[PDB]
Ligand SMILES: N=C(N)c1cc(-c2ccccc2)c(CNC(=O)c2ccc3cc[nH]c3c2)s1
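As C-alpha cells, one chain now follows by itself in the form solved without the named molecule.
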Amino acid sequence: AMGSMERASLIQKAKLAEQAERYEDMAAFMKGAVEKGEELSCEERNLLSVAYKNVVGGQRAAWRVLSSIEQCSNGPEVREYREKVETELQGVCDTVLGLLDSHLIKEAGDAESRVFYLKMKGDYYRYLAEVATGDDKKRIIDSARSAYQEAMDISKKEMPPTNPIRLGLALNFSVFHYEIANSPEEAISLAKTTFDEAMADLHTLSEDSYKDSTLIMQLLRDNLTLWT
C-alpha cells in the first residue's frame, strides 16, 4: 500500500500531513514507514505516536458522544452507529498493536525505545478496554496493565525520575488505574510518588530539560487536584 514509496518520503509526507492536520494520512504514512522493517529514530517514534493519538482521539471522542446518546435512549440506529464507530476504533487499536508486535517492540533494545513502545502497547489496550464489556474486558485490562508494568520496571531501572518518557508513562499508567482498573488509590499514589521523585531531580536539569519535565509534572498535579 505504501510499499512502493521510499521510507524517507513516507517520513517527509508524515511531517507534511501533521502540518496540514491530516492525521489519518499521517498515520498511514507512518504505518508504511514502520513496515519498511527498519527501527525508528526518536523523532520518527514521536511521529508515529502523534499520528495515531490524534486518529484514535477523534474516534474516542465520537464513541463517547454516541455511547452517551445510546445510554439516554436506554430503533436500532444509535446502537448500530455506535457499533460502527466502535469497530473502526478497535481496528485502529489492533493496527497499532500489530505494528508494535510485528516487530517494533522485539527490536527495541534501548530504554528510550522500549519504554516508549511498551507505554504505547499499554495505551492502545487501554483504549480497547474503554469500549470492552465483560470478561473480554478483563483480559484486555490485564494486557494493558502488563505492558505498563514492564515499561515502568525498565524506566525505573534505566531512566532518571525526570525523564519525560518515564513521566508520561507514569501519568498514563496512573490514568489507567483511576479510569480503567477501578484503583483510584493506586492512581493517586503513583502520581504523587512520580511527582515528588521528579521534583527532587529537577536541580540536575538544564533550562530546556527543566521545562520538558515540569510540563508533564503539571499534568500529574492537575490529575491529583481532580482526584483528591
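Quick note: we count residues from 1 along the sequence shown, nothing fancier.
There is another form of the same protein, the form solved in complex with the named molecule; it is not shown, and what comes next is about it.
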Would you confirm whether the three residues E43, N46 and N163 all fall within 4.5 Å of the named molecule in the bound PDB entry, going by non-hydrogen atoms? yes
Might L66 be said to contact the named molecule in the bound PDB entry, defining contact as any heavy atom within 4.5 Å? no
Is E24 near the named molecule? Define near as a heavy atom within 4.5 Å, in the bound PDB entry. no
If you check in the bound PDB entry, is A181 within 4.5 Å of the named molecule, heavy atoms only? no
Listed by sequence position, which residues of 206-228 have a non-hydrogen atom within 4.5 angstroms of the named molecule in the bound PDB entry? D212, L215, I216
